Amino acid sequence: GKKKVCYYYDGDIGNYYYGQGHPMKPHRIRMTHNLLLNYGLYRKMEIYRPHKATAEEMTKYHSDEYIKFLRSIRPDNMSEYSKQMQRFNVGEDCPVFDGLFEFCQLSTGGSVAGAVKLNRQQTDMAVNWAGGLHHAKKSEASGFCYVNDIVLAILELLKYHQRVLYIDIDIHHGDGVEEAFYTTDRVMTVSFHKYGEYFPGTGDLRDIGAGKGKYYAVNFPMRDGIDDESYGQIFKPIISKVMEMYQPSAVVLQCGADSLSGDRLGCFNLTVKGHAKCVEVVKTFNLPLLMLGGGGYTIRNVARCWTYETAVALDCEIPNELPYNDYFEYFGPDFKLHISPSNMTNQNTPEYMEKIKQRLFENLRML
């Protein structure tokens, strides 16, 4: 039936700034929040402010040296950490900005707090749009991500769940999450992503895990221009098979919005309805679910996407006419919730989609 939804948000998150021209804009989290408040979605869910995750909570995965560096580095002492910045990959993509550590603590706090709430059986769904920073590694920042809130939230879920399923619909391969759990069967990672001359360069369908984790990493490589029809016809069959074979007791769904049509960095052609169909599909399985954010660089579309996905989590139909809000002008010229796909060519032929699906089904028979 309808599910209890707990949502995490810190009003300060929107003030963190990566720097002039940097595509990652924490302000998109505040736009999302303001839009769903204006649709009246706060009446249907419990809103929590995350705690600031401690260096200690973060070292459940990250190395002590990397976390110590994140806690110490500031724009005023950068010149003294030249060697450490290189070692930890903090620079152009992952800049040093005022309040960087606090931004990581809030992003992480929401995901970990959501996992605790699910473990305690106090909610059916937990949402943290500031989370989903899937590229961060054990001792390295990567692709605008510094602390892997997903890995930390999964480790929390593993205290009470024998098997956890991770699903990643961000346009980028969920490399940091797959790497953390590559050699274990206690977490199955499933990533759908653009593959070929594209960041981070991993996620070939031949990457299936290693040791006890062999067959527990699933990668669906895609080309430019995937649309709602093509994505929908592959997502429900893959997730259904994964649910059937793996039988997880909890799910983490990374909802990176950079897979939408018109994304500044992305080359896909999904609409908000096509992206949200993934949430609807995962919801039908009736398992404890942690919904996270991720990429998304055309901020008006990110706000539309995550507002609609929160409405989906609540089984609440919301009008297409956008209500007035603090960022109303960002949604011009149409002022509608839903988006139209572009006329870009879909390089993912129906035969290619069926062929990759068939190759992945062969691997799933090995469970």
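We number the residues from 1 along the sequence you see.
Checked against the record, the higher mean CA B factor of 66-74 and 22-30 lies with 66-74. In this entry, 88-96 has the higher mean Cα B-factor, the comparison being between 107-115 and 88-96. Of the candidates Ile318, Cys305, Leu35, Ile299, the one whose C-alpha carries the top B factor in the deposited record is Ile318. Taking the deposited Cα B-factors for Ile234, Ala130, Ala126, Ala153, the highest one is held by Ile234. Among the modelled residues of its chain, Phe199 has a C-alpha B-factor that falls in the middle third according to the deposited record. Sorting the modelled residues of the chain by their CA temperature factor places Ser240 in the middle third.
Compared with the other modelled residues of the chain, the Cα B-factor recorded for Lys137 ranks in the middle third. Residue-level temperature factors show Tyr81 in the highest third of its chain, judged at the C-alpha atom. In the PDB entry, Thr54 places in the middle third of its chain by CA B-factor.
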